[PDB]
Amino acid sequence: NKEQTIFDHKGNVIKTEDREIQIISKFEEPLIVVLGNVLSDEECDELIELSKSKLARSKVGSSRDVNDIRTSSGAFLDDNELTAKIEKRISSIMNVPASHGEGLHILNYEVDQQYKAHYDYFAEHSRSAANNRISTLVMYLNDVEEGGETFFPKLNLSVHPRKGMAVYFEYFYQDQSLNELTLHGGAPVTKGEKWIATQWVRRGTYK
């Protein structure tokens, strides 16, 4: 008897209020789902541009408080109608209220940059682990000429960037060994560049 998952959409599409998302493939335990048609091309481009501080003194996401998680690398977007619209769609996908999301986090990889394998949930006895992360949505905002795979090294599987698509995965299982298998990284970009939006989702209301 498999454990319950947060994501429980049973078909080949997720009908959200403003967009029909395609369920492409999935690995079952832990649950890793490739999703098509998550963002339009225009939404992808706008999220990239919104992430830019453009050498000004104020960092994008400056409207976030000392209770907010702060990202050294990349930027959390400031809330607006677009991010709210997208967070609502993502909430239908991830089956959790948008109030549990940390907000759209944008990251750029230049050529040869990578993200070493890591967990998205916080350390077990950490303080952040009181309202720990339970699931991730990584959205590909552009096409990557070569490289840039999201790889899960303990599962020997990867998802390749494709503009408008996403990879979803969760790690709220009671057998910790399942959460351990969501170890993942971003492979080096070897030609071109890579842009992603990540939604990290908390067990409890976050914002």
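Residues carry their position along the shown sequence, with the first being 1.
- Set 52-60 against 39-47 and average the Cα temperature factors; 52-60 ends up higher.
- The question of which stretch, 96-104 or 124-132, has the higher mean Cα B factor is settled in favour of 124-132.
- Highest C-alpha temperature factor among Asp68, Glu170, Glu149, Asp143, as the PDB entry reports it: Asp68.
- In the PDB entry, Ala75 places in the highest third of its chain by CA B-factor.
- In this PDB entry, the Cα temperature factor of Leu137 sits in the bottom third of its chain's modelled residues, the lowest group.
- In the PDB entry, a CA B factor belonging to the middle third of its chain's modelled residues is recorded for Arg19.
- Among the modelled residues of its chain, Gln174 has a C-alpha B-factor that falls in the highest third according to the deposited record.
- When the modelled residues of the chain are ordered by C-alpha B-factor, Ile90 sits in the lowest third.
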